[PDB]
Structures are given as C-alpha cells and as structure tokens.
Amino acid sequence: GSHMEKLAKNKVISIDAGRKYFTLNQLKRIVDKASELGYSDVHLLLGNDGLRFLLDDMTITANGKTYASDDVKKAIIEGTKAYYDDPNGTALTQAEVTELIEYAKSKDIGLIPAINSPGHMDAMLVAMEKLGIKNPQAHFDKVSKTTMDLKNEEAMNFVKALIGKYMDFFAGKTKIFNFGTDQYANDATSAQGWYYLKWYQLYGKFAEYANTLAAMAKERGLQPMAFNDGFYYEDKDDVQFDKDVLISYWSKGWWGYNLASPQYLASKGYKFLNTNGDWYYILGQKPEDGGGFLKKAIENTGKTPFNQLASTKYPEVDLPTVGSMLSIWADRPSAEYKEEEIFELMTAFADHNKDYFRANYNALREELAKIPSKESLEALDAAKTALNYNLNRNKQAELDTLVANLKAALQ
Ligand SMILES: CC(=O)N[C@@H]1[C@@H](O)[C@H](O[C@@H]2O[C@H](CO)[C@@H](O)[C@H](O[C@H]3O[C@H](CO)[C@@H](O)[C@H](O)[C@@H]3O[C@@H]3O[C@H](CO)[C@@H](O)[C@H](O)[C@H]3NC(C)=O)[C@@H]2O)[C@@H](CO)O[C@H]1O
C-alpha cells in the first residue's frame, strides 16, 4: 500500500494508425509528448481496417504453398488503398517502426502494436483476393467488407501466418501484442455480429481463433491483448476463452449488442486495461454529431475516474486494472489530424491524474547527456546521487530544482 502502486500502472495513448496514415515524425512527437506528460506506453494500431505496416520480408507460408514477399507487399498496399488511399502515405516501413521503438525506449515509453482480426481487416481481405485466395469475407445480411469468414481455412491459415510474421517482429521488442477481435461483421449484420455468430453456431469457431492468437502471442514471449467485445458474450460460459489475455475494456455495448460486464470478466480471472469509451476522440468529430467529439472527451477526462471501467461506477465497483488507455480514432480517415487537439486531450487526462502520471524527465535526460579536479567532481557526483526518478506530475517543481543543481554542478 505504498507510493509505487499508482506510478506502476500503465498510462497509454492510443493512435488509430490503421485507418489513417501517420508519419514516423508525427508518431515520434506523440511519443515525446507522452513522455513529457508522464504516459508509460503508446498503443499503436497498425492493422485496423487498413494495414499500414510492411516488414522487409513479407514472405508468407500457408496452405501448402508460399506467397512471395513482393507479391504480398503489393497486395497489401492495394488493400489499404482500396479501403482508403491516404494522400499522406500508405504504410510504415520496418526501419521506421524499428526506430520508433528504440526512440520510445530512450524516453521510458513502451510501444503496444495492434494488428486487428477477424474484424477491421478490409485491407487484408482484398489483399487475399489479389493473392488468389477466393472469397475471404464473411457472409450474412450481405457480403462483409471488414470481416473474415471463419469457415474458410485458406483465409484463416494465411491470416494466422501473417499475424505470426508480425508477432515474430515485435517479439523481444515489445511486451504486449494486441490482436483486437472487436466488432465482428458489424457492417454485414447491422452491428449485431456476436448474435449472428451464436445463431449460426460459429461463436465457438471465433473462440478457437482468438485462443490460437493468444497462444501465438505467449509462445513468442508477448503478452496477448484483445478487446472485450467477443469475450464471454452475454455472460455465457458455454464457450471458454484463454484467461491469459489482457482485456482492453472499452464498452459493455448497447441494445442488441450484449457484451460481457467487467464484473463477469473479472470473475473469470481477467485483468483489464481500462480503455474507457468516455475518453474517445474521433478525428474531425463535432459536437453536433454526438458520440466522441473533442469537448466531451476533455470534459469526461475529469468526469470519468482513472480506475472506472465502462458501464461501472467507481469506487462502488472496484475491479483489478493494470492501468488506463485514452484512445484517438480515425473512423473517417480523411479528417485532418490536428496535433494540437490530441495534445490537449492528452494533457487534460494527465492533469486530472497527476498522481498516476510521471513527472517530465526530458530536461533531466538532456542534462545527463552533457556529462563527460576532485572538489568539482564531488559536486557533480552529489547532484547525481540526489536525482529522483520516481517523481509524479504533482512534483515537477521538486524535479526542476534537482536538475538545476545538476546544471550548476556541471559548470
Ligand atoms: C442508449 C444506447 O445504448 N444507445 C445505443 C447507441 O449508443 C448505439 O450507438 C453506439 O454508440 C456508442 C457510444 O455509446 C458508439 O461507440 C458506437 O460506435 C461504435 O460502433 C459502431 C458500429 O455500430 C462503429 O461504426 C464505430 O466505429 C464504433 O466502434 C468503436 O468505437 C470507436 C470510435 O467510435 C472506433 O474507432 C473503434 O474502431 C470501435 N471499437 C473500439 C474497440 O473502440 C455506436 O455508434 C446504437 C447502435 O445502433 O444503438 C443505440 O441503442
């Protein structure tokens, strides 16, 4: 019950770089601002509708045949462009994402990648078509454009191998890997995908796929993360799920979309990354549209407590969370990304929870990088011993004089 508990928790900013393209430098500045504000990780969706990340070797081995690296790359580029041909760019390179991870590591910032499936995979579906894999899309009220058919082995096998190749990359580089599994065939079932899975006795098939993805993460030394949607839908435990999955809990849903309660998932032994929907911001969203516009997300950043999970009340309901995630989405990826908006929402969330967030260590690290008579060395050694790396956002002044004493000793 000491000091450490609050600071040990995760403070995450989520960027939807799957739907919309973000430049390496844009993400670097988000990472820098995250480090400055006191965040711990940057959650970066790279596969979300579009697939905006290419490895150097994209060779895939599936269905007793292989798909050549250059053939895979072109098909993915075409898929992402088919979803949305972003004039700012198509997909991040291996070298760019690698530099982002090392840059973030230098600022005590984790990177949490997300490659979504079996929903939110418009780019992958079309890529598979271009790769010869016929009809990968789910089929209900109409043929889906976002979701994979669970009965199609050819598509399932490829996608598993594809996510596996990404998982091979992020292994040893990042602690967590998010595979999503949210909003199954929402476009093809009027946002009732889990009800449709139940109906056609395919919900067990989804579990098998999700559990496979969790094992794939674990055996590669990655903590599996997924969204809550498809985990124990409607509090039924007829179909079981992997318990080692870090659940990013965003909502309990709405009418006809009966997601499991946080209370039920906690009773199954799950830990939560509090990804409360209240803190959502969709780029370009205005107050007139309702939902997650900027003013509401800033307003709710103080309204909705740090530990409070969606559909629950804190502290009346107090469930185990590893930390909280604030999310920026790009539902309409053509909307202008304005850095100032995200920075304001990020700042607000940190300012209301100064006990959870770190202090600003950018000044300290610059002054420690300037370090190359024994009496003058006595002072330089003394200021170094007096440094405190454990400060939170409430004590910026406390840290400001400690770094000032280091600057004075160095001269
Ligand atoms: C009182 C009541 O419950 N009314 C229902 C109403 O709320 C429902 O509309 C829904 O509202 C929620 C907010 O409470 C909103 O989040 C929902 O949007 C999600 O789902 C739609 C598909 O229906 C999808 O188009 C959106 O993209 C969105 O999905 C998530 O949200 C973010 C940002 O919006 C996305 O970027 C994410 O990709 C996605 N997933 C995650 C994990 O974040 C929805 O509009 C309606 C529904 O008919 O029903 C009322 O009864």
# chains A, B, ... in the order shown; residues from 1 in each chain; ligands from 1

call {"tool": "select_by_dssp", "arguments": {"residues": "stretch 94-201 of chain A", "states": "strand (DSSP E)", "output": "NGL selection string"}}
result
:A and (110-117 or 137-139 or 143-148 or 176-180)

call {"tool": "write_last_selection", "arguments": {"atoms": "N, CA, C and O atoms", "output": "compact mmCIF listing (two decimals), in the first residue's frame"}}
result
# COMPACT_ATOMS: atom_id res chain seq x y z
N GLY A 110 6.82 2.60 -23.65
CA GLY A 110 6.55 1.33 -24.32
C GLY A 110 5.76 1.54 -25.60
O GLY A 110 5.11 2.57 -25.78
N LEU A 111 5.84 0.57 -26.50
CA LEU A 111 5.05 0.59 -27.72
C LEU A 111 4.16 -0.64 -27.72
O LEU A 111 4.64 -1.76 -27.53
N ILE A 112 2.86 -0.44 -27.89
CA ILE A 112 1.93 -1.56 -27.94
C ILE A 112 1.26 -1.62 -29.31
O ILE A 112 0.32 -0.87 -29.58
N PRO A 113 1.75 -2.51 -30.19
CA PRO A 113 1.21 -2.67 -31.54
C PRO A 113 -0.12 -3.42 -31.56
O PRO A 113 -0.35 -4.29 -30.71
N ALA A 114 -0.97 -3.09 -32.52
CA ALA A 114 -2.24 -3.78 -32.70
C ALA A 114 -2.47 -4.13 -34.17
O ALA A 114 -2.53 -3.24 -35.03
N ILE A 115 -2.58 -5.42 -34.45
CA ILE A 115 -2.95 -5.91 -35.78
C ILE A 115 -4.29 -6.62 -35.67
O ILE A 115 -4.37 -7.76 -35.20
N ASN A 116 -5.35 -5.94 -36.10
CA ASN A 116 -6.72 -6.39 -35.87
C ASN A 116 -7.17 -7.54 -36.78
O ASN A 116 -6.81 -7.59 -37.96
N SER A 117 -7.95 -8.45 -36.20
CA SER A 117 -8.64 -9.55 -36.88
C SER A 117 -9.54 -10.23 -35.83
O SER A 117 -9.27 -10.12 -34.64
N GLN A 137 -14.18 -13.03 -47.30
CA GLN A 137 -15.11 -12.24 -46.49
C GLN A 137 -16.27 -13.04 -45.90
O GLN A 137 -16.78 -13.96 -46.53
N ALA A 138 -16.67 -12.66 -44.68
CA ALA A 138 -17.85 -13.23 -44.03
C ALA A 138 -19.11 -12.87 -44.81
O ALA A 138 -19.12 -11.91 -45.59
N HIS A 139 -20.18 -13.64 -44.60
CA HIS A 139 -21.39 -13.51 -45.40
C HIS A 139 -22.65 -13.69 -44.56
O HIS A 139 -22.96 -14.80 -44.13
N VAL A 143 -22.46 -9.61 -48.11
CA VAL A 143 -21.06 -9.99 -48.03
C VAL A 143 -20.33 -8.87 -47.29
O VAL A 143 -20.49 -7.70 -47.62
N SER A 144 -19.56 -9.25 -46.27
CA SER A 144 -18.81 -8.30 -45.47
C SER A 144 -17.67 -7.68 -46.27
O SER A 144 -17.22 -8.24 -47.26
N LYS A 145 -17.23 -6.50 -45.83
CA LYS A 145 -16.07 -5.84 -46.41
C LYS A 145 -14.98 -5.66 -45.36
O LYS A 145 -13.88 -5.19 -45.67
N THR A 146 -15.29 -6.05 -44.12
CA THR A 146 -14.43 -5.78 -42.97
C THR A 146 -13.99 -7.04 -42.23
O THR A 146 -13.01 -7.02 -41.49
N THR A 147 -14.72 -8.13 -42.44
CA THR A 147 -14.59 -9.31 -41.58
C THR A 147 -14.35 -10.60 -42.35
O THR A 147 -14.91 -10.81 -43.43
N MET A 148 -13.53 -11.47 -41.78
CA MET A 148 -13.16 -12.75 -42.38
C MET A 148 -14.17 -13.85 -42.05
O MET A 148 -14.69 -13.91 -40.93
N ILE A 176 3.77 -6.26 -25.10
CA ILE A 176 2.38 -6.61 -25.38
C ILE A 176 2.09 -6.61 -26.89
O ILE A 176 2.70 -5.85 -27.65
N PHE A 177 1.17 -7.47 -27.31
CA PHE A 177 0.69 -7.50 -28.69
C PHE A 177 -0.83 -7.63 -28.72
O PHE A 177 -1.38 -8.64 -28.28
N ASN A 178 -1.49 -6.61 -29.26
CA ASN A 178 -2.95 -6.57 -29.34
C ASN A 178 -3.45 -7.08 -30.68
O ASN A 178 -3.09 -6.55 -31.73
N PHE A 179 -4.28 -8.12 -30.64
CA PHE A 179 -4.87 -8.67 -31.87
C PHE A 179 -6.35 -8.29 -32.06
O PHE A 179 -6.98 -8.70 -33.04
N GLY A 180 -6.88 -7.51 -31.13
CA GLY A 180 -8.20 -6.89 -31.26
C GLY A 180 -9.39 -7.80 -31.02
O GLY A 180 -9.83 -7.96 -29.88

call {"tool": "residues_around", "arguments": {"residues": "stretch 217-222 of chain A", "least_positions_apart": "6", "cutoff": "12 Å", "atoms": "only C-alpha atoms", "output": "short mmCIF file (atom, residue, chain, number, x, y, z; two decimals) with N, CA, C and O atoms, in the first residue's frame"}}
result
data_model
loop_
_atom_site.label_atom_id
_atom_site.label_comp_id
_atom_site.auth_asym_id
_atom_site.auth_seq_id
_atom_site.Cartn_x
_atom_site.Cartn_y
_atom_site.Cartn_z
N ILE A 112 2.86 -0.44 -27.89
CA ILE A 112 1.93 -1.56 -27.94
C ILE A 112 1.26 -1.62 -29.31
O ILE A 112 0.32 -0.87 -29.58
N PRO A 113 1.75 -2.51 -30.19
CA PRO A 113 1.21 -2.67 -31.54
C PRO A 113 -0.12 -3.42 -31.56
O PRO A 113 -0.35 -4.29 -30.71
N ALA A 114 -0.97 -3.09 -32.52
CA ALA A 114 -2.24 -3.78 -32.70
C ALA A 114 -2.47 -4.13 -34.17
O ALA A 114 -2.53 -3.24 -35.03
N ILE A 115 -2.58 -5.42 -34.45
CA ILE A 115 -2.95 -5.91 -35.78
C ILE A 115 -4.29 -6.62 -35.67
O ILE A 115 -4.37 -7.76 -35.20
N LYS A 160 -3.43 -16.16 -40.02
CA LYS A 160 -2.66 -16.64 -38.87
C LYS A 160 -1.16 -16.52 -39.12
O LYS A 160 -0.41 -16.09 -38.24
N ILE A 163 -0.21 -12.63 -39.20
CA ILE A 163 -0.12 -12.10 -37.84
C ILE A 163 1.09 -12.69 -37.12
O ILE A 163 1.74 -12.00 -36.33
N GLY A 164 1.39 -13.95 -37.40
CA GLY A 164 2.58 -14.62 -36.88
C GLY A 164 3.87 -13.95 -37.29
O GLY A 164 4.79 -13.83 -36.48
N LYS A 165 3.96 -13.52 -38.54
CA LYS A 165 5.14 -12.82 -39.03
C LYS A 165 5.32 -11.44 -38.38
O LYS A 165 6.45 -11.03 -38.12
N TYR A 166 4.21 -10.75 -38.12
CA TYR A 166 4.26 -9.51 -37.34
C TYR A 166 4.69 -9.81 -35.91
O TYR A 166 5.55 -9.12 -35.36
N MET A 167 4.10 -10.85 -35.33
CA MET A 167 4.44 -11.28 -33.97
C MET A 167 5.92 -11.66 -33.83
O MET A 167 6.51 -11.44 -32.77
N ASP A 168 6.50 -12.22 -34.89
CA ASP A 168 7.93 -12.52 -34.93
C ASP A 168 8.78 -11.26 -34.83
O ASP A 168 9.84 -11.26 -34.21
N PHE A 169 8.29 -10.18 -35.45
CA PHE A 169 8.96 -8.89 -35.44
C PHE A 169 8.92 -8.24 -34.05
O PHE A 169 9.95 -7.83 -33.53
N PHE A 170 7.72 -8.15 -33.46
CA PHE A 170 7.54 -7.46 -32.18
C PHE A 170 8.03 -8.25 -30.96
O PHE A 170 8.11 -7.70 -29.86
N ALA A 171 8.36 -9.53 -31.17
CA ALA A 171 8.95 -10.36 -30.12
C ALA A 171 10.34 -9.85 -29.73
O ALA A 171 11.19 -9.65 -30.59
N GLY A 172 10.54 -9.64 -28.43
CA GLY A 172 11.80 -9.11 -27.92
C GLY A 172 11.94 -7.60 -28.05
O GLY A 172 12.89 -7.01 -27.54
N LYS A 173 10.98 -6.98 -28.75
CA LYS A 173 10.97 -5.53 -28.94
C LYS A 173 9.90 -4.87 -28.09
O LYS A 173 10.11 -3.79 -27.54
N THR A 174 8.75 -5.53 -27.98
CA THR A 174 7.62 -5.01 -27.22
C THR A 174 7.07 -6.07 -26.25
O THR A 174 7.16 -7.27 -26.52
N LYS A 175 6.51 -5.62 -25.14
CA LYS A 175 5.98 -6.52 -24.12
C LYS A 175 4.62 -7.10 -24.52
O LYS A 175 4.36 -8.29 -24.30
N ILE A 176 3.77 -6.26 -25.10
CA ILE A 176 2.38 -6.61 -25.38
C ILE A 176 2.09 -6.61 -26.89
O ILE A 176 2.70 -5.85 -27.65
N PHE A 177 1.17 -7.47 -27.31
CA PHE A 177 0.69 -7.50 -28.69
C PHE A 177 -0.83 -7.63 -28.72
O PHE A 177 -1.38 -8.64 -28.28
N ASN A 178 -1.49 -6.61 -29.26
CA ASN A 178 -2.95 -6.57 -29.34
C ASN A 178 -3.45 -7.08 -30.68
O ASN A 178 -3.09 -6.55 -31.73
N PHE A 179 -4.28 -8.12 -30.64
CA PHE A 179 -4.87 -8.67 -31.87
C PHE A 179 -6.35 -8.29 -32.06
O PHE A 179 -6.98 -8.70 -33.04
N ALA A 210 -9.48 -16.86 -31.58
CA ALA A 210 -8.96 -15.95 -30.56
C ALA A 210 -7.95 -16.64 -29.62
O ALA A 210 -6.90 -16.08 -29.31
N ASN A 211 -8.28 -17.86 -29.18
CA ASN A 211 -7.39 -18.63 -28.32
C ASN A 211 -6.09 -19.02 -29.00
O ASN A 211 -5.04 -19.08 -28.36
N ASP A 242 -9.27 -18.08 -23.48
CA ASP A 242 -7.97 -18.00 -22.83
C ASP A 242 -7.98 -16.94 -21.72
O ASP A 242 -8.42 -15.81 -21.95
N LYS A 243 -7.50 -17.31 -20.54
CA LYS A 243 -7.52 -16.43 -19.37
C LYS A 243 -6.29 -15.51 -19.29
O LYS A 243 -6.29 -14.53 -18.53
N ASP A 244 -5.26 -15.84 -20.06
CA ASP A 244 -4.01 -15.08 -20.06
C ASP A 244 -4.09 -13.80 -20.91
O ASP A 244 -3.08 -13.11 -21.10
N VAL A 245 -5.27 -13.49 -21.42
CA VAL A 245 -5.44 -12.34 -22.30
C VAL A 245 -5.71 -11.07 -21.50
O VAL A 245 -6.65 -11.01 -20.71
N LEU A 246 -4.87 -10.06 -21.72
CA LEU A 246 -5.10 -8.72 -21.18
C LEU A 246 -6.27 -8.09 -21.93
O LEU A 246 -6.18 -7.85 -23.13
#

call {"tool": "atom_distance", "arguments": {"atom1": "atom CA of residue A:380", "atom2": "atom CA of residue A:408"}}
result
8.6 Å

call {"tool": "closest_residue", "arguments": {"among": "A:17, A:44, A:104, A:283", "to": "residue A:90", "atoms": "only C-alpha atoms"}}
result
A:17

call {"tool": "residues_near_ligand", "arguments": {"ligand": "ligand 1", "cutoff": "8 Å", "atoms": "only C-alpha atoms and all ligand atoms", "output": "PyMOL selection string"}}
result
chain A and resi 16+48+120+180+182-183+186-187+190-191+227-229+249-251+253-256+277+280-282+291-292+327-331

call {"tool": "write_last_selection", "arguments": {"atoms": "N, CA and C atoms", "output": "JSON list (two decimals), in the first residue's frame"}}
result
[["chain", "number", "residue", "atom", "x", "y", "z"],
["A", 16, "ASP", "N", -4.96, 5.61, -33.82],
["A", 16, "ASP", "CA", -5.50, 4.78, -34.88],
["A", 16, "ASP", "C", -4.72, 5.03, -36.17],
["A", 48, "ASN", "N", -5.78, -1.94, -38.67],
["A", 48, "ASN", "CA", -7.12, -1.57, -38.25],
["A", 48, "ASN", "C", -7.85, -1.01, -39.47],
["A", 120, "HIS", "N", -12.32, -5.64, -38.76],
["A", 120, "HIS", "CA", -11.45, -4.50, -39.07],
["A", 120, "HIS", "C", -10.22, -4.88, -39.89],
["A", 180, "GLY", "N", -6.88, -7.51, -31.13],
["A", 180, "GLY", "CA", -8.20, -6.89, -31.26],
["A", 180, "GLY", "C", -9.39, -7.80, -31.02],
["A", 182, "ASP", "N", -12.46, -7.21, -32.10],
["A", 182, "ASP", "CA", -13.63, -6.40, -31.79],
["A", 182, "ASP", "C", -14.57, -6.23, -32.99],
["A", 183, "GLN", "N", -15.87, -6.09, -32.69],
["A", 183, "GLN", "CA", -16.90, -5.74, -33.67],
["A", 183, "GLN", "C", -16.91, -6.65, -34.90],
["A", 186, "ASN", "N", -19.74, -6.12, -38.21],
["A", 186, "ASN", "CA", -20.71, -5.08, -37.87],
["A", 186, "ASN", "C", -21.41, -4.51, -39.10],
["A", 187, "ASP", "N", -20.67, -4.39, -40.20],
["A", 187, "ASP", "CA", -21.22, -3.86, -41.45],
["A", 187, "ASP", "C", -22.19, -4.84, -42.13],
["A", 190, "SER", "N", -25.65, -5.32, -39.19],
["A", 190, "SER", "CA", -26.20, -4.14, -38.50],
["A", 190, "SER", "C", -25.73, -4.06, -37.05],
["A", 191, "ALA", "N", -24.42, -4.20, -36.85],
["A", 191, "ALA", "CA", -23.79, -4.16, -35.52],
["A", 191, "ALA", "C", -24.35, -5.18, -34.51],
["A", 227, "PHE", "N", -9.56, -6.75, -27.39],
["A", 227, "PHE", "CA", -10.71, -6.00, -26.92],
["A", 227, "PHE", "C", -11.75, -6.95, -26.32],
["A", 228, "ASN", "N", -12.66, -6.38, -25.53],
["A", 228, "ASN", "CA", -13.59, -7.18, -24.73],
["A", 228, "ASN", "C", -14.73, -7.81, -25.51],
["A", 229, "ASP", "N", -15.18, -7.13, -26.56],
["A", 229, "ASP", "CA", -16.41, -7.49, -27.30],
["A", 229, "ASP", "C", -16.75, -8.99, -27.29],
["A", 249, "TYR", "N", -10.83, -3.10, -22.09],
["A", 249, "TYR", "CA", -12.28, -2.95, -21.93],
["A", 249, "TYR", "C", -12.73, -1.53, -22.26],
["A", 250, "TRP", "N", -13.56, -1.41, -23.30],
["A", 250, "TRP", "CA", -13.97, -0.10, -23.79],
["A", 250, "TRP", "C", -15.46, 0.21, -23.60],
["A", 251, "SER", "N", -16.29, -0.84, -23.62],
["A", 251, "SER", "CA", -17.75, -0.69, -23.50],
["A", 251, "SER", "C", -18.43, -2.02, -23.16],
["A", 253, "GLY", "N", -21.36, -2.30, -24.53],
["A", 253, "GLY", "CA", -22.22, -2.29, -25.70],
["A", 253, "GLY", "C", -23.49, -1.48, -25.50],
["A", 254, "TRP", "N", -24.55, -1.92, -26.16],
["A", 254, "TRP", "CA", -25.83, -1.23, -26.18],
["A", 254, "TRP", "C", -26.93, -2.26, -26.45],
["A", 255, "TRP", "N", -28.13, -1.79, -26.79],
["A", 255, "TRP", "CA", -29.24, -2.70, -27.08],
["A", 255, "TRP", "C", -28.94, -3.59, -28.29],
["A", 256, "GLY", "N", -29.04, -4.90, -28.09],
["A", 256, "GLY", "CA", -28.77, -5.88, -29.15],
["A", 256, "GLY", "C", -27.29, -6.19, -29.33],
["A", 277, "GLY", "N", -14.53, 4.07, -23.03],
["A", 277, "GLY", "CA", -15.06, 4.76, -24.20],
["A", 277, "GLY", "C", -15.25, 6.25, -24.01],
["A", 280, "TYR", "N", -12.75, 8.65, -25.61],
["A", 280, "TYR", "CA", -12.54, 8.51, -27.06],
["A", 280, "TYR", "C", -12.61, 9.84, -27.79],
["A", 281, "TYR", "N", -11.73, 10.00, -28.78],
["A", 281, "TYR", "CA", -11.84, 11.11, -29.72],
["A", 281, "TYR", "C", -11.67, 10.64, -31.16],
["A", 282, "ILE", "N", -12.71, 10.85, -31.96],
["A", 282, "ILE", "CA", -12.70, 10.54, -33.39],
["A", 282, "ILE", "C", -12.31, 11.81, -34.15],
["A", 291, "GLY", "N", -21.63, 11.42, -29.89],
["A", 291, "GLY", "CA", -20.52, 10.48, -29.75],
["A", 291, "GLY", "C", -19.27, 11.10, -29.15],
["A", 292, "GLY", "N", -18.10, 10.70, -29.67],
["A", 292, "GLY", "CA", -16.83, 11.12, -29.10],
["A", 292, "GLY", "C", -16.15, 12.31, -29.76],
["A", 327, "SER", "N", -7.92, 6.93, -26.05],
["A", 327, "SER", "CA", -7.89, 6.50, -27.45],
["A", 327, "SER", "C", -8.26, 7.57, -28.46],
["A", 328, "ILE", "N", -7.44, 7.68, -29.51],
["A", 328, "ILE", "CA", -7.72, 8.55, -30.64],
["A", 328, "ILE", "C", -8.03, 7.68, -31.86],
["A", 329, "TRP", "N", -9.20, 7.87, -32.45],
["A", 329, "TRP", "CA", -9.64, 7.07, -33.58],
["A", 329, "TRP", "C", -9.80, 7.91, -34.85],
["A", 330, "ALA", "N", -9.81, 7.23, -35.99],
["A", 330, "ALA", "CA", -9.91, 7.89, -37.29],
["A", 330, "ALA", "C", -10.98, 7.25, -38.17],
["A", 331, "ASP", "N", -12.19, 7.11, -37.61],
["A", 331, "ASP", "CA", -13.33, 6.48, -38.31],
["A", 331, "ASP", "C", -13.52, 7.01, -39.73]]
